[PDB]
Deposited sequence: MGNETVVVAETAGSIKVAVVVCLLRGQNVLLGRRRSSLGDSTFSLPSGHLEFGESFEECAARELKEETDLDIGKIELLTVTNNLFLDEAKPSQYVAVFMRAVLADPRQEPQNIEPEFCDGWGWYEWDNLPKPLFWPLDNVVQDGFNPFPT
């Protein structure tokens, strides 16, 4: 088995967080995520992932936590971020991997969540300052 590093992004706007419907974890709601590429910082990865998935330009990317996820095994580094221009909205650029993006309140997250995300929600994870 291989151990892989993913970066998972909590993109916040006000009291809302961006979630998408995955198309591993089919038809569950998840945060933007993807594989750290060699040479990247966590922050570069976060930005790249959001740009590839939604065309959104993010900033003020800050480390929150890290979790271990056995399935392969994923070490998932959770970052928070804001939009560089909060007037922008997500566009579903990769329909092969996602059915759509939306803004949700942490006190009313959609279900079902991708299980690695549910795991941290169960543990009291909250990305909002």
Item to complete: Could you name the stretches of the deposited sequence that have no C-alpha atoms in this structure?
Response: 1-12, 36-37, 86-91, 150
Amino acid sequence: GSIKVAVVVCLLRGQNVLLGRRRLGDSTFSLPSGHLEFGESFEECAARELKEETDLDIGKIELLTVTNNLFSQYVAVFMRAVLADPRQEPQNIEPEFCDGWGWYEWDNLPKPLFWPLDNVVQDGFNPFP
From here on, numbers count along this sequence of modelled residues.
Worksheet item: When the C-alpha temperature factors are averaged for each of 26-34 and 91-99, which stretch ends up with the higher value in the entry?
Response: 26-34
Worksheet, complete the sentence: Comparing 9-17 with 108-116, the higher average Cα temperature factor in the PDB entry belongs to 108-116
Discussion item. Given 70, 66, 45, 83, identify the residue with the highest C-alpha B factor in the PDB entry.
Written reply: 70
